[PDB]
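Colleague:
Number of protein chains: 2
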Amino acid sequence: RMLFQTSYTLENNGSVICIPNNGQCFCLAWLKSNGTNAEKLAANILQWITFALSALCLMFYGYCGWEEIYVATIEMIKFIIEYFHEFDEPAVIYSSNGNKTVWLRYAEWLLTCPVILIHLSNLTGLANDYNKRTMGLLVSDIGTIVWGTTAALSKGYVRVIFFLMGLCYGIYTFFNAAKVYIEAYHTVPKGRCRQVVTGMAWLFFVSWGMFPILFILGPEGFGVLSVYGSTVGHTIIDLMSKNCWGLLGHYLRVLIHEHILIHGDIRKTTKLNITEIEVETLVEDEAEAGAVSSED
Amino acid sequence: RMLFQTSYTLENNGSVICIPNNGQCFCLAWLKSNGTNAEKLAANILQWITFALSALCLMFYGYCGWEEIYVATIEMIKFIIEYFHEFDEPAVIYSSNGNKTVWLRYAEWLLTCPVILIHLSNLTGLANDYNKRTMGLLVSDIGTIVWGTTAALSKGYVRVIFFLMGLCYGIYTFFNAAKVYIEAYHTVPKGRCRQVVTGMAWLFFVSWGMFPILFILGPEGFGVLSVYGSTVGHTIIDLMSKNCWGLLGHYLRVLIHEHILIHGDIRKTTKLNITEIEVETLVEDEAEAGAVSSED
Ligand SMILES: *[C@@H]1O[C@H](CO)[C@@H](O[C@@H]2O[C@H](CO)[C@@H](O)[C@H](O)[C@H]2NC(C)=O)[C@H](O)[C@H]1NC(C)=O
Ligand SMILES: *[C@@H]1O[C@H](CO)[C@@H](O[C@@H]2O[C@H](CO)[C@@H](O)[C@H](O)[C@H]2NC(C)=O)[C@H](O)[C@H]1NC(C)=O
Ligand SMILES: CCCCCCCC/C=C/CCCCCCCC(=O)OC[C@H](O)CO
Ligand SMILES: CCCCCCCC/C=C/CCCCCCCC(=O)OC[C@H](O)CO
Ligand SMILES: *C\C=C(C)/C=C/C=C(C)/C=C/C1=C(C)CCCC1(C)C
Ligand SMILES: *C\C=C(C)/C=C/C=C(C)/C=C/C1=C(C)CCCC1(C)C
C-alpha cells in the first residue's frame, strides 16, 4: 500500500541503498513494523466498539448540550478516517529524523480541548458566564498539547526539554481542574448529582493522567509500546475520556435542569477553605438559603 | 549543516540514486532552495527588529496585564530558537510526501490563541467574567488552526478539504470577533479609548485576514512564495498581530483603569441592534447612567 519508497536494493555489501529516482521520500525508519497481527486485531475490534458507542451517544443526544455532541461528532469523523487512512500521511507524519507522529490523535485533542474545558467550567449547565480560572485552564492545556506535540516531533535532549515544558503547563492545568471539581461538588444538590460529579472527577483525572504515561511508553518516548499496542491503549482511555465522560456530563446536566423543574433554583452560600473560596449550593429545600462556611 | 542525507550519487543515467546506508532519511524535495540571499538578508533584519520590539515591550510591561507580556514572552523564546535552529526539525518538519511544514509558526499560534482570544474578550480589563460567545470563539479558532495545520501537512484534494474546513470555522470566528469589537466600542468612554479600540479592530482583522492569504501563497498552498519570502511576510504581520496589538491593548487598559481613578465606574445601558444586544457604557459624567437604545 505505501506512498513513500518501499522498494530498494542493497549495494557494496549493504553500505549503499539504491532506489528508483521517482521523487518519492525514503527512510528505512518508516518501514519498521507497527506490531503483531494480534495487536492489530485487538485494535480493530476496540475501534468498531468505539464507532458503535460514538454512534449511539450521538443519536441519544438527539432527543445547552453542544459540548457532548461535538466530542461524539469529532469521534465519528475520526473513525471514518481511521477506517480509510489510519497509517496514511497525515494521520501519521513520517518525518526526516525517522519519527512516526500520530497527528490524528493530537489534532482531535486540540479540536475538542476548548469544548471539554468549557464543559469542565459548566458541569451543571446553569452558568451563562465563566470566571478567570476557566481562561487559565484553556491557556495552560493548549500549551501542554503544543509542547507535547513538539516533543513527539523531536529527538534526544530537545524531546526531553519540550516534554518537561508540557509537564510544567500540565501540572498548572491539573491543580486548577481539581479546584473546579471541588466547587462543582459543593454547588450541585446533595443526592445523585454529587455521585455523578464524583464519577466525572475519577474518569477525568485517570483518563487525562494516562496520556503523558502512554506518551513516555510509546514510539514518541522510550518505544516500550508498538504502534498497535499504543492504539489499543488509546482506544481504552479514548472511550473513558470522550464517550463515557460526555455521557456522564449529559446525565448530570439532565438531573440539574430537572431539579429546577421540580424544586426550582434555590442557591446557598457554602464558603469553602480547601484558601477562601465561595459557592452557590443548589438545595431541594426552600428554607435552606443561607451562608454555610464549611472550612475544609 | 543538514541532519538528513544531503550527499548522493546518480546511477543508471539518473534513474537510481545511491546513498550511504547510515540510517538518515532522504528526499530530494527537502533540498529545494529556501530562496535568494537577498530574501534571506531581508528576513534576518526584520527578525532582529522583531527581537528588539519583543524585548522593549516586555521591559515596558514590567513597570491584569498577563495576556500582553505572555505574547511578548513567547515571541522572545521564538527569536532565540529562530537564531539557533530556524530550519532544523522540528522548527521545520521535513515529511515523507516531501512537504516542509513550519511547525514553529503553528505552535506559537496554538500557544497564544487562548491568550489573545481571552484578551479579545477583555479589552477594558474591567470584566472578571466571560460570556458564552468567548467560548465559541476559542473552539472555532482552535479548529481553524488544527484543520489548517492538517492542510499544510497534506497534498492534493486532502489539503483542499482541510483548508475548506479551516475556512468554515474561521468565518464563524471572524463573524463573532466583529460583534465583540462592536460591544467594546460602545462600552468604553467616548474620547481616546474609542480611537484605540478602532485601532485594535483594524490591526486584528487585517493581520488575522493575512494569515490564510499567506498560506495559499506559500509552499503550503500554490508555492508562489519561497520560504524566505514567506518569512519576510510573516515578520511584517507578526509585528502587527503580536507586539503592536498587545502594546495598543496595554495602552487601552491603562486609559480605562485611569478613568476609574478619576471619574469612577459610571456605567450606562446602550441597547444596540446591529439583533437585540445590550452594553454597559462607561461615561465621564455621573448624571449619565440610563438606558440609551441606539438601534444600529
Ligand atoms: C559485509 O558486511 C557484513 C556485515 O554483516 C560483514 O559480515 C560480518 O563481518 C563482521 C566482521 O567485521 C562480523 O563481526 C560479523 O559476525 C559478520 N557476519 C554477520 C552475519 O554479521 C562482512 O564481513 C562484510 N564484507 C566485506 C567484504 O566487507
Ligand atoms: C539519459 O537520460 C537523459 C534525460 O535527460 C537523456 O537525455 C535526453 O534525451 C531525451 C530523449 O529521450 C531528450 O528529450 C532530451 O532532449 C535529452 N537531453 C537532455 C539534456 O535532456 C538520455 O538520452 C538518456 N540516456 C539513455 C541511454 O537512456
Ligand atoms: C499529576 C499527575 C501525575 C502524572 C504526570 C506524568 C509524569 C510522568 C513524567 C515522567 C518523567 C520522566 C521524563 C520524561 C522525558 C520524556 C522524554 C523522552 O522520552 O526522551 C526520549 C529519549 O531520550 C529517547 O528514547
Ligand atoms: C473574511 C475574511 C476574508 C479572507 C479569507 C481567506 C479566504 C481565501 C480562500 C481562497 C479559496 C481558494 C481555495 C483554497 C484551497 C487551498 C488548497 C491548496 O492550496 O491546494 C493545493 C494545490 O492543490 C496544490 O498546489
Ligand atoms: C480526546 C480527549 C482527550 C481528553 C485528550 C487528552 C490529552 C491529554 C490530556 C494530553 C496530555 C499531555 C500531557 C499532560 C503532557 C505530555 C504531552 C501530552 C500532550 C501527551
Ligand atoms: C501569533 C499570532 C497570531 C494572531 C496568529 C494567527 C493565525 C491565524 C489567524 C491563522 C488563520 C488560518 C485561517 C483563517 C484558515 C487557514 C489556516 C490558518 C491557520 C492559516
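From first to last, the protein sequence lines are chains Y and R.
At the far end of the first sequence sits residue 296, using my numbering, and the numbering has no gaps.
At the far end of the second sequence sits residue 1296, using my numbering, and the numbering has no gaps.
Don't be surprised by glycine CBs; every beta carbon is placed ideally from N, CA and C.
Taking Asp1088 of chain R as the reference, give the member of R:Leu1003, R:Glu1276 and R:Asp1285 with the closest Cα.
Modeller: Stepping through the second sequence from its first residue, residue 1088 of chain R is reached at position 88. Checked all of R:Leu1003, R:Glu1276 and R:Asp1285; the closest Cα to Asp1088 of chain R is R:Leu1003.
Colleague: At a cut-off of 6 Å, is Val160 of chain Y close to ligand 7 when judged by its beta-carbon and the heavy atoms of the ligand?
Modeller: As for ligand 7, it is missing from this structure, which binds only ligand 1, ligand 2, ligand 3, ligand 4, ligand 5 and ligand 6.
Colleague: So which residues on chain Y does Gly1023 of chain R lean against when the C-beta distance must stay under 9 Å?
Modeller: Stepping through the second sequence from its first residue, residue 1023 of chain R is reached at position 23. Chain-order list of chain Y residues neighbouring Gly1023 of chain R: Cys27, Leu28, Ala29 and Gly98, by C-beta distance under 9 Å.
Colleague: How far does the beta strand (DSSP E) with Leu1010 of chain R in it reach, from first residue to last?
Modeller: For the purposes of this step, residue 1010 of chain R is taken as the residue at position 10 of the second sequence. It spans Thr1009 to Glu1011 - the beta strand (DSSP E) in which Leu1010 of chain R sits, taken as one unbroken run.
Colleague: Helix, strand or coil: which one does DSSP assign to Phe26 of chain Y?
Modeller: For the purposes of this step, residue 26 of chain Y is taken as residue 26 along the first sequence, with counting starting at 1. If DSSP states are grouped into helix, strand and coil, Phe26 of chain Y belongs with the strands.
Colleague: On a CA-only basis, which of R:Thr1149, R:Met1059 and R:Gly1035 is nearest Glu1220 of chain R? Give me that one, please.
Modeller: In the second sequence, residue 1220 of chain R corresponds to position 220, counting from 1. Out of R:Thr1149, R:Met1059 and R:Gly1035, R:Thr1149 has the C-alpha closest to the C-alpha of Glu1220 of chain R.
Colleague: Measure the Cβ-Cβ separation of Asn1243 of chain R and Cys1057 of chain R and say whether it is below 7 Å.
Modeller: For the purposes of this step, residue 1243 of chain R is identified with residue 243 of the second sequence, where counting begins at 1. For the purposes of this step, residue 1057 of chain R is identified with residue 57 of the second sequence, where counting begins at 1. Taking 7 Å as the Cβ cut-off, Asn1243 of chain R and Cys1057 of chain R qualify as a contacting pair.
Colleague: Any chance the region 1251-1268 of chain R sits against the region 1070-1089 of chain R, with 3 or more Cβ pairs inside 8 Å?
Modeller: no
Colleague: Under DSSP, the beta strand (DSSP E) around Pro90 of chain Y begins and ends at which residues?
Modeller: Here residue 90 of chain Y is taken as the residue at index 90 of the first sequence, counted from 1. Note, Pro90 of chain Y: premise wrong, no beta strand (DSSP E); not H, not E.
Colleague: Straight-line CA distance for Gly1143 of chain R to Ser1294 of chain R?
Modeller: Within the second sequence, the letter at position 143 stands for residue 1143 of chain R. Within the second sequence, the letter at position 294 stands for residue 1294 of chain R. Straight-line Cα distance between these residues: approximately 35 Å.
Colleague: Using a Cβ cut-off of 8 Å, pull out every chain R residue sitting near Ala107 of chain Y, in sequence order please.
Modeller: For the purposes of this step, residue 107 of chain Y is taken as the residue at position 107 of the first sequence. Going along chain R in sequence order, the residues near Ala107 of chain Y (Cβ under 8 Å) are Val1146, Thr1149 and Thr1150.
Colleague: Kindly indicate the opening and closing residues of the beta strand (DSSP E) around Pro20 of chain Y.
Modeller: Here residue 20 of chain Y refers to the residue found at position 20 when the first sequence is read from its first residue. According to the DSSP assignment, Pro20 of chain Y belongs to the beta strand (DSSP E) that extends over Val16 to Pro20.
Colleague: If you measure beta-carbon to beta-carbon, which residues of the region 1195-1219 of chain R are closer than 7 Å to chain Y?
Modeller: none
Colleague: Return the residues of the region 225-252 of chain Y that lie within a Cβ-Cβ distance of less than 9 Å from chain C, sorted by chain order.
Modeller: This model lacks chain C altogether; the protein chains it does include are Y and R.
Colleague: Verify the contact flag: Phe1084 of chain R, CB atom, against every heavy atom of ligand 4, threshold strictly below 6 Å.
Modeller: Here residue 1084 of chain R refers to the residue found at position 84 when the second sequence is read from its first residue. No, since every heavy atom of ligand 4 falls outside the 6 Å radius drawn around the Cβ of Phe1084 of chain R.
Colleague: At a CB-CB cut-off below 7 Å, which residues of chain Y make contact with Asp1285 of chain R?
Modeller: On the second sequence, residue 1285 of chain R is found 285 positions in, with the first residue counted as 1. What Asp1285 of chain R touches in chain Y: nothing, since even the nearest Cβ is about 29 Å away.
Colleague: Give me, in chain order, the residues of the same chain whose beta-carbon lies closer than 8 Å to that of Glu1067 of chain R; leave out the 5 immediate sequence neighbours on both sides.
Modeller: Along the second sequence, read from residue 1 onward, the residue named residue 1067 of chain R stands at position 67. Taken in chain order, the residues that qualify are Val1115, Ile1116, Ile1118, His1119, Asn1122, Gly1246 and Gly1249.
Colleague: What are the partner residues of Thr150 of chain Y, as DSSP defines its beta bridges?
Modeller: Counted from its first residue, the first sequence places residue 150 of chain Y at position 150. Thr150 of chain Y pairs with nothing; no bridge assigned.
Colleague: Run down chain R in chain order and give the residues with a C-beta less than 8 Å from the C-beta of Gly143 of chain Y.
Modeller: In the first sequence, the residue the question calls residue 143 of chain Y occupies position 143. Per Cβ cutoff of 8 Å: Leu1111.
Colleague: Classify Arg1192 of chain R as buried or exposed, calling it buried when 16 or more other Cβ atoms lie within 10 Å of its own Cβ.
Modeller: Counting from one through the second sequence, the residue named residue 1192 of chain R turns up at place 192. By the beta-carbon neighbour count (other beta carbons within 10 angstroms, threshold 16), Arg1192 of chain R is exposed.
Colleague: Quick check on the DSSP output: the alpha helix (DSSP H) that includes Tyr1181 of chain R runs from which residue to which?
Modeller: Reading the second sequence from its first residue, position 181 is the one you call residue 1181 of chain R. Element bounds for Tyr1181 of chain R: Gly1156 to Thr1187.
Colleague: Could you list which residues in chain R have their beta carbon closer than 8 Å to that of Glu11 of chain Y, in chain order?
Modeller: The count along the first sequence starts at 1 and reaches residue 11 of chain Y at position 11. Correct list: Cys1018.
Colleague: At 7 Å on the CB atoms, spell out the chain Y contacts of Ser1154 of chain R, in chain order.
Modeller: For the purposes of this step, residue 1154 of chain R is identified with residue 154 of the second sequence, where counting begins at 1. Residues of chain Y passing the Cβ test: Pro90.
Colleague: Taking all protein chains shown into account, decide if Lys190 of chain Y is buried (16 or more other Cβ within 10 angstroms of its Cβ) or exposed.
Modeller: Walking along the first sequence from the start, residue 190 of chain Y turns up at place 190. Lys190 of chain Y is exposed by the Cβ-count criterion.
Colleague: Determine the contact status of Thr1006 of chain R and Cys1018 of chain R, defining contact as a CB-CB distance below 7 Å.
Modeller: Working through the second sequence from its first residue, we reach residue 1006 of chain R at position 6. Working through the second sequence from its first residue, we reach residue 1018 of chain R at position 18. Going by C-beta atoms, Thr1006 of chain R is not nearer than 7 Å to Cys1018 of chain R.
Colleague: Indicate, with yes or no, if ligand 3 has a heavy atom lying under 6 Å from the CB of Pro212 of chain Y.
Modeller: For the purposes of this step, residue 212 of chain Y is taken as the residue at position 212 of the first sequence. Yes; taking the cut-off as 6 Å, the Cβ of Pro212 of chain Y has a heavy atom of ligand 3 nearer than that.
Colleague: Answer yes or no: do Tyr106 of chain Y and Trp30 of chain Y have a C-beta to C-beta separation smaller than 7 Å?
Modeller: For the purposes of this step, residue 106 of chain Y is identified with residue 106 of the first sequence, where counting begins at 1. For the purposes of this step, residue 30 of chain Y is identified with residue 30 of the first sequence, where counting begins at 1. No, the Cβ-Cβ distance between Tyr106 of chain Y and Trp30 of chain Y is not below 7 Å.
Colleague: So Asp1141 of chain R packs on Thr1173 of chain R, CB below 8 Å; how close in whole Å?
Modeller: By one-based count along the second sequence, residue 1141 of chain R stands at place 141. By one-based count along the second sequence, residue 1173 of chain R stands at place 173. The Cβ separation is near 5 Å, so the contact holds.
Colleague: Using 8 Å as the threshold, is the region 266-282 of chain Y in touch with the region 1048-1065 of chain R, meaning 3 or more CB pairs across them?
Modeller: no
Colleague: Which whole-angstrom value is the C-beta distance of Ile1145 of chain R and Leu1110 of chain R, which I expect to be below 8 Å?
Modeller: Working through the second sequence from its first residue, we reach residue 1145 of chain R at position 145. Working through the second sequence from its first residue, we reach residue 1110 of chain R at position 110. Rounded, the Cβ-Cβ distance is 6 Å, consistent with contact.
Colleague: Provide the residue span of the alpha helix (DSSP H) that contains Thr1050 of chain R, from first to last.
Modeller: On the second sequence, position 50 is the one that residue 1050 of chain R refers to. Counting along the chain, the alpha helix (DSSP H) containing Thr1050 of chain R begins and ends at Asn1037 to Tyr1061.
Colleague: Can you tell me where the alpha helix (DSSP H) holding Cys64 of chain Y begins and where it ends?
Modeller: The residue you call residue 64 of chain Y lines up with position 64 of the first sequence. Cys64 of chain Y -> no alpha helix (DSSP H), and no H or E assigned at all.
Colleague: Within a Cβ cutoff of 7 Å, which residues of the same chain sit near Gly1218 of chain R, ignoring the five residues on either side of it in sequence?
Modeller: One-based indexing of the second sequence puts residue 1218 of chain R at position 218. Around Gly1218 of chain R: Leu1225 and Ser1230.
Colleague: Please classify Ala38 of chain Y as buried or exposed, where buried requires at least 16 neighbouring CB atoms within 10 angstroms.
Modeller: Here residue 38 of chain Y is taken as the residue at index 38 of the first sequence, counted from 1. With fewer than 16 other Cβ atoms within 10 Å, it is exposed.
Colleague: Is any beta-carbon of chain R found at less than 7 Å from that of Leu120 of chain Y?
Modeller: Counting from 1 along the first sequence, the entry for residue 120 of chain Y is found at position 120. Chain R contact via Cβ: absent.
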